[PDB]
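I have placed the structure first, in the form of structure tokens, so that the comments after it can refer back to it.
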Amino acid sequence: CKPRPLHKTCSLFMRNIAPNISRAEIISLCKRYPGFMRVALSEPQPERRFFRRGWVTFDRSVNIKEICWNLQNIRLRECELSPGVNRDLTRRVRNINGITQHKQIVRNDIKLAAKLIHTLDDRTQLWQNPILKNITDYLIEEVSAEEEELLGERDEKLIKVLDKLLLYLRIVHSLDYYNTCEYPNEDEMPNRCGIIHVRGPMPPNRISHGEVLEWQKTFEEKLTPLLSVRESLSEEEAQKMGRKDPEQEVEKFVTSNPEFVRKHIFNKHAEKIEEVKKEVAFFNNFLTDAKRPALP
Amino acid sequence: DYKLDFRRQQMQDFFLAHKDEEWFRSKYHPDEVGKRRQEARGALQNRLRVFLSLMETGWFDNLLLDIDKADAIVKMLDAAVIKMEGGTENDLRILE
């Protein structure tokens, strides 16, 4: 059997897609070209009135230039797609500061990477994790102090541990560690594993005393946003904005729609009473959230 | 109190204006939030399998995240995507 070029994928890119347009119609539009794989939409942005950036991914054995031309002057629900051929990623393996291959700072990064993996495994609810077994052994210092007391740079053993943690973060949870960012939609987008970040070559001058500690303060400050729990208003603040109670607004639905009429709705029409409760929760989840989408 | 009443209007106007749209439904609507997370964990478990496949196979056995082995990382990242798509050891042979 011939081997397939599954890592390579040519794709389309759409600049402005409307929020009312779902994936369904974009998929079924592009579905009938042979070698179609998957559509990917970005998070909508309030600055452009919540318009999404699309990405229609195709197989390598397909002429994307023809398919990009085919859909060039085609609208979809009062919105011109007008695709452009999304070229492949040139510079994948990017550098960061060369300080990060040091004994003390790698030890710091093993602690933070271990914390991230514990959190992300709980959050996503996988599994326990075999790469997090006896990590505490590598976090502790081990020195010959007594032999100095009586008588008187790279450490690859730590780096090989770190890499298994950092590769897990990147491959599984789509978290590029050194750049300090998530790539949440990667699994739908054309290139599944694109831009990974990597340690620098080496520092030319001496490694300073306080500069190593200053990196660790700055580096941990960038990582803290990535483990941010979703916001919520207080009980009083949420109620003052107008948190609709489920059972109360179910009563408002029944009275608008005497004793024989109430027993008909609860028993026979059991689907409607939950549908109201769902649309109450739909509204309350939007209300409770203290970081809503809104016009700037 | 105006500011309190002002934020009620904006919020309720936005809930009306973006009620039936896919992205908004997906974030807050109970049915669509549940069916999103099943897809997410299903697709995430597929990425976990790939990491565990690359471990025992030894695709990062002698592989440090350093620019000296920049070409080796790209070769591994390709092998990761091939396993995500679901290709066998035969399908990896094009990298050799």
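Sequential numbering from 1, following the chain as shown.
Heads up, header says this was done by X-ray crystallography, 3.5 Å.
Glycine residues also receive a Cβ, built from the backbone N, Cα and C atoms like all the rest.
What Swiss-Prot records for this protein:
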type	residues	note
MOD_RES	A:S82	phosphoserine
MOD_RES	A:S144	phosphoserine
MOD_RES	A:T224	phosphothreonine
MOD_RES	A:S232	phosphoserine
Item to check | C-beta crowding around the residue listed as 'phosphothreonine', within 10 angstroms | outcome: 10
Checklist entry - In angstrom units, rounded to an integer, how far apart are the Cα atoms of A:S232 (phosphoserine) and A:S82 (phosphoserine)? => result 39
Checklist entry - Name the residues of the same chain, 6+ apart in sequence, whose Cβ is under 8 Å from the Cβ of A:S82 (phosphoserine)? => result A:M14, A:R15, A:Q72, A:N73
Next on the checklist: At a 10 A cut-off on CB-CB distances, which of the modified residues A:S144, A:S232 has the highest count?
Outcome noted: A:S232
Checklist entry - How long, in Å, is the gap between the C-alpha atoms of A:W127 and A:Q128 where 15 residues are left unmodelled? => result 6
Checklist entry - Just how far apart, in Å, sit the Cα atoms of A:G152 and A:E153 across 21 unmodelled residues? => result 24
Item to check | Straight-line distance in Å that links Cα of A:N257 with Cα of A:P258 while 20 residues remain unmodelled | outcome: 10
